[PDB]
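Generate coordinates for the sequence data below:
(chains A, B and C)
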Amino acid sequence: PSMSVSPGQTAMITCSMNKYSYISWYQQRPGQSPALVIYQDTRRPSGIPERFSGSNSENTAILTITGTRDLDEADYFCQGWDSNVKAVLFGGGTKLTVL
Amino acid sequence: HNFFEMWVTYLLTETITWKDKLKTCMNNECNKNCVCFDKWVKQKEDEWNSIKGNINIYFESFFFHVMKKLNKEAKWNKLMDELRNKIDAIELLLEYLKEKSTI
Amino acid sequence: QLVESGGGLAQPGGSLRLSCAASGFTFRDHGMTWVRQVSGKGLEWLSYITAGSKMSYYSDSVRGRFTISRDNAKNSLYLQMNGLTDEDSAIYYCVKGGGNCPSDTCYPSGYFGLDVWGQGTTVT
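Residues are numbered from 1 along each chain as shown, chains lettered A, B, ... in the order given. Below, you will see the structure:
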């Protein structure tokens, strides 16, 4: 899927997996390798600004991008985990189109 | 600090599996488990005193070992959310154990 | 910084190996991951290896068919394939597994994430 979101507004990207796991997100620039953005559902490494926010409550992972920029044109993938089969479940990714 | 690390691992693992065992007592004949949990928390107080920060630096670094013992990330996040709603963090976790022990 | 070699062209069959050497990183006590990505499609995790290389996880399509092993001295991780088909034409990113890995208990959760992704080489 995708969401056509105008610049400067809030994008609500949901995976809504039924089983809870800590959900990470990756900003894949086109023609470029993905980079870690949000981990442990709240935390964030140094070098990326504060405007990437995330949460996972009520079995729904929401990556709240506050102030979407033209540089945020990326496919954002959930990183799940399934401890029953010991295989990580990457999300399908949404083409977050920035107008 | 390998003994210290495995002690913190066993502390968090036994804290989560005593949270699971006291779920029957908390949600209203389990008085044997209550005095056993009281003896357990007194033993952990004595062992912490025999040995002798924040969550995001100290408790979040023993995720892999505890999760190998347990394999349920939701229980870990319920523990972390309860400690976040409650407030080194060892004193915080032990204060949580004392507050759950009296009720 | 991750550097890569070994990608190129492959007919259907096997015997194609990629390499990824870690430069300037603590390769001994971090996990290591490879994720492929079909161009125009999303990511797909294939293989993982722990810090002590005693545990390894695979997907449902690549379990047994692929193999992986690490050298902690030269800090280089290889991926070896057999039985390549037309669906395996993807961009194979060697990835440093995030976290700290107490002993060899490493698994690629979204908790610590996958912090460092290499540039990768094209596999046709």
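
Please look at residue C:84 and residue C:13 and confirm they touch.
Yes - between residue C:84 and residue C:13 there is a contact under Cβ atoms under 8 Å: 6.4 Å. To be clear about C-beta, it is placed using only N, CA and C from the backbone, and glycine gets the same treatment.

Centroid-nearest residue for chain A?
Centroid-nearest residue in chain A, with Cα atoms, centre = their mean: residue A:25, separated by 3.6 Å.

How much space separates residue B:44 from residue B:38?
Residue B:44 is 11 Å from residue B:38, where distance means Cβ to Cβ, to the nearest Å.

That should have said residue C:71, apologies.
Relative to residue B:38, and taking Cβ to Cβ, residue C:71 is found at 52 Å.

Just list whatever residues bridge to the residue nearest to the centre of chain A.
residue A:38 (DSSP bridges).

Spatially nearest residue to residue 17 (excluding sequence neighbours)?
In the absence of a named chain, chain A is used. Closest residue to residue A:17 apart from its sequence neighbours, by Cβ to Cβ, 6 or more residues apart in numbering or on different chains: residue A:80 at 5.8 Å.

wait, chain B
residue B:70 (7.5 Å).

quick one, phi/psi of that neighbour?
phi -110, psi -50 (degrees, to the nearest 10).

Please list all residues in contact with residue C:84.
Residues near residue C:84 by Cβ atoms under 8 Å, 6 or more residues apart in numbering or on different chains: C:10, C:12, C:13, C:14, C:16.

10 Å instead?
C:10, C:11, C:12, C:13, C:14, C:15, C:16, C:65, C:66, C:123, C:124 (Cβ atoms under 10 Å, 6 or more residues apart in numbering or on different chains).

from those, which ones fall inside strands?
residue C:16 (DSSP state E).

all strands in the chain, in order from the N-terminus.
The chain I'm using is chain A. A:2-5, A:11-14, A:25-26, A:36-38, A:52-56, A:61-65, A:75-76, A:94-98.

my bad, the chain I had in mind was chain C
Under DSSP E, chain C gives strands at C:2-5, C:16-22, C:31-37, C:43-49, C:56-58, C:67-71, C:76-81, C:91-97, C:116-117, C:121-122.

Distance check, the residue nearest to the centre of chain A against residue C:93.
16 Å.

re earlier: just give me the neighbour total for the residue nearest to residue A:17.
Counted with other Cβ atoms under 10 Å in any protein chain shown, residues neighbouring residue A:80 total 23.

and what of the one 5 residues further on?
Residues lying near residue A:85 (other Cβ under 10 Å) number 11.

Confirm for me that it is in contact with residue C:60.
Yes - contact between residue A:85 and residue C:60 holds when scored by Cβ atoms under 10 Å: they sit 7.8 Å apart.

ok, so of the contacts of residue C:84, who is nearest residue A:41?
Nearest to residue A:41 out of these is residue C:66 (Cβ to Cβ; 30.4 Å).

For the closest one, give me its contacts.
Contacts for residue C:66 (Cβ under 10 Å, 6+ apart) come out as C:34, C:46, C:47, C:58, C:59, C:79, C:80, C:81, C:82, C:83, C:84, C:88.
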